[PDB]
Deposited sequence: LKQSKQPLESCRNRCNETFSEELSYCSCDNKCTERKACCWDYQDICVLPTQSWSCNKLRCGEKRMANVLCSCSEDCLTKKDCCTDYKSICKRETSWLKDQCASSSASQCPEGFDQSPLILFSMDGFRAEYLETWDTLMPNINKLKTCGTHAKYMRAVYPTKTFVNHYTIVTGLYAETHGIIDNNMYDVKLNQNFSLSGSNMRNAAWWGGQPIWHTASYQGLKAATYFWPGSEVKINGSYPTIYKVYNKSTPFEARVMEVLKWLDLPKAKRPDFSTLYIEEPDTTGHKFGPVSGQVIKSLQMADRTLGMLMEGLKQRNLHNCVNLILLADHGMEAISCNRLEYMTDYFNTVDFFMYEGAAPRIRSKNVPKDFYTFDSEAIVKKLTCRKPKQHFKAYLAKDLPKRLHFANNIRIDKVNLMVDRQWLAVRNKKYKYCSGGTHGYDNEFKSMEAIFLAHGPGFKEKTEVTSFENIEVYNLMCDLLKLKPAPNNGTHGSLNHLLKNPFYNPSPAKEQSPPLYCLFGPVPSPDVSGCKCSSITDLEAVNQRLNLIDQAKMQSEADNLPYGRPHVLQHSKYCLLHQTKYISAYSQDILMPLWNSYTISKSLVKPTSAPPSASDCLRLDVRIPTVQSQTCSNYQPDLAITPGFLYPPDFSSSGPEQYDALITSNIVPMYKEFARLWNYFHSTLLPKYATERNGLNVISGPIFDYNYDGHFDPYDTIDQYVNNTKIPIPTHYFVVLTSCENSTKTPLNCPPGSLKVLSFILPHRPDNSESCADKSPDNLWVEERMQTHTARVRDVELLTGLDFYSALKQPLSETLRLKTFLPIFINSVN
């Protein structure tokens, strides 16, 4: 009859099945001579030998069978499983919801740009930004190889495409075995090797069969058994693409996912591995709803479209004739004619070096230089001629956030953790495998709060240049600076306020550097300039401060030379002219001190940096009105700001012998960006200075130092209400500023180094 011929089509066990004896055509045995031969449905002991299912159990507290001396780690990926699915539909997914309940669960996991599967899947297993491992999109063109990249093409298995070191190679190079049941890269001969066991991708393999195979790798003899295995399924990405994120169709793809995870967990409890295996359940990206009333056509911006265009949520544009006009293609011209042509364009045009530095999406020959930052739910296509959902957007968008759930003896129990970025997962996986990670872009130790016994303890970065000294001196014999200050009558007296005694310097350090001065992790000849209201590290290598830090409380033409800075290591007033695009802007705004003698502490050559006049518009307005409002909102702020030189857009500080771009007829380098880090405290009944380091709140900006405000299309507005909106898409991690400057912040905080590392990896986000 029917319920003893479904054994050939069903991967579960019903009650009338147990004790059935061998048929040839059974996918899964439900015999009693079953276990001994290692081939039973996960629910066998749950429904027949009346044991309690894993899902019904209570979550026991802090193991493994005999041959398992180290906990195996399973990496489970459900493509396109956006974080909101778990927030809205966990009710419908009892097994996934148990993981959330008793394992370690993050609010969401940030993907990398572009938020596509091969990009993020390889990123997860290498811990590298897409710009570095090379898989920068599912479809790419490399000019050096003159080769196309595609999932349905064959060049996808050419190892020249795949950089870095995936986790499975890391596992094998240090004595463990790894088996991947589908993972982007696992079929490629990266570094001349495969995983210890891998599976040719066949999308038609049923999810249940994949779960059975992973559970049959764990039944192998100890000498052959893999220590790390991945498991991959295409839902809810496949159905999410066709029917959209809010759909009944996705709700039952999501229940199919819950079925398969539960299958895995039931089979694990059968083997007494359920409190042994370390399980990470994540996704590569999210899902966003699209429409055809939400298409942007390049024909509405060009008359002739003689360029190739990777379309969708993350578009790029290159020449149609490659490889011969690849370097010639006028990339800036396409960006400029896509710049503020209509008042309500649902995208913005960028060259790769102008992309928000937080994305880390330049510095790869495959990253074509024309790029489009498309608004959510819209797509950018070339022509006029779509439904359901897609992905690829900016990874700040709520629809792009991925789930991250962990379970096992190596993780904490029933713990909720803050958001983190998937680039952090590679390190965390080698910790659970007791492996030394290959170099990557995670901040090793920042995910330690997830682990029950952290395997790696971070140690502070060694300072690479201690400060020199710039002592107090007389005013030079002539004043060749070209600086003039009508207002000053007793020059000797006001210059004395820059000559504080040693304890007066301490008191200011206690006020303006409450977390310790930043350590310099490059080479830099610099001194420390103490004033009562601000402290700077002035570098003779770049004729300006490396950083300027000051502290403000909730509410709050004269320029001369710094007698501590030698003339040759100085900026002078005459370096800047009124028929030049660059004007001296201030790091510490003089308007913040009370005027009279305290204001003169900020009106010196040691407190100015070269600024495009239209950037100083943005810069001054932020300090003018925006910064004092954030101060009342957050109850005071510790501010630290300075220049960034990244002319080759690698995300790292430029060494000084690399800087070519000076201002006309001088030796003053033009920064590519300026950073601003604002530290307050979550519990705002406290100030930036009396806060437990564990409740610190950080907000950091890296502003593109650009000659126009084309990005905001605000070169002819009679206001500055546009500035806050553009600054809010140029936030960054403190870590991002550290990389771009060669500085190391927050060293003197009185808390474990791993806890500070969470603060530096935090990313401020404003898209609500």
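Next item on the list: Report the unmodelled segments of the deposited sequence as residue ranges counted from 1.
Entry: According to the record, the gaps fall at 1-42, 105-107, 431-433, 605-615, 828-830.
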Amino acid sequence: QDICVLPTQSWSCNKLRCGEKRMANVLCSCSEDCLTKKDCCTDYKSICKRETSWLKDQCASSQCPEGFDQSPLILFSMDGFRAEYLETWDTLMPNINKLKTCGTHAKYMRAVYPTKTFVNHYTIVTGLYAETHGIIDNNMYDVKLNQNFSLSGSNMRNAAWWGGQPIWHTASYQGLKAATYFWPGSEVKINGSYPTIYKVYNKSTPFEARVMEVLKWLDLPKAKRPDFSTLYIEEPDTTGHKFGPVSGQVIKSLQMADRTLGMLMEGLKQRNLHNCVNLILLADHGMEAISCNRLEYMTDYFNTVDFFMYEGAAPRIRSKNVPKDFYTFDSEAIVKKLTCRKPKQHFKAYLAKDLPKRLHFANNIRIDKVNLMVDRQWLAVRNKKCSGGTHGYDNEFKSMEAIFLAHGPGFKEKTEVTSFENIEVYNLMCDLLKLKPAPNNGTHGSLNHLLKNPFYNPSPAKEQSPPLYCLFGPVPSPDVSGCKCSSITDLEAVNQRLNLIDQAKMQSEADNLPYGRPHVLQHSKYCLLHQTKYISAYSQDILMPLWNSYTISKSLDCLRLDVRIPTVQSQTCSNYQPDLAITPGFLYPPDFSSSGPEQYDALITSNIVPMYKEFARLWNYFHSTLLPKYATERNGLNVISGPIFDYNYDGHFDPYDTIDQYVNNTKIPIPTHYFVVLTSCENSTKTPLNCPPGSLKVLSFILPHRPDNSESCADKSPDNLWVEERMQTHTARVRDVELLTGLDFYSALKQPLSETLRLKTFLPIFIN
From here on, numbers count along this sequence of modelled residues.
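Item checked: Per the entry, higher mean C-alpha B factor between 168-176 and 359-367 -> According to the PDB entry, the answer is 359-367.
Next item on the list: Could you settle it for me: does 417-425 or 387-395 have the higher average Cα B factor in the PDB entry?
Entry: The recorded data point to 387-395.
Check: Quick one: which of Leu529, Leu468, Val322, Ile190 has the biggest Cα B-factor according to the entry?
Finding: Answer, based on the entry's C-alpha B-factors: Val322.
Margin query: For the CA B factor values reported in this entry, which option in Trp547, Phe592, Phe653, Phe675 has the top one?
Written below: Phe592 has the highest C-alpha B-factor of those listed.
Notebook entry, point to check: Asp43's Cα B-factor: lowest, middle or highest third of the chain?
Noted result: Highest third, going by the recorded CA B-factors of the chain.
Item checked: Ranked C-alpha temperature factor of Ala581 among modelled chain residues, by third -> Answer is highest: the recorded C-alpha B-factor places it there.
Check: Lowest, middle or highest third of the chain for the C-alpha temperature factor of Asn155?
Finding: As the PDB entry reports it, the C-alpha B-factor of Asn155 lands in the highest third of its chain.
Next item on the list: Within this chain's modelled residues, let me know which third the CA B factor of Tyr113 belongs to: lowest, middle or highest.
Entry: Its C-alpha B-factor belongs to the lowest third of this chain's values.
Notebook entry, point to check: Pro478: which third of its chain by C-alpha temperature factor?
Noted result: Highest third.
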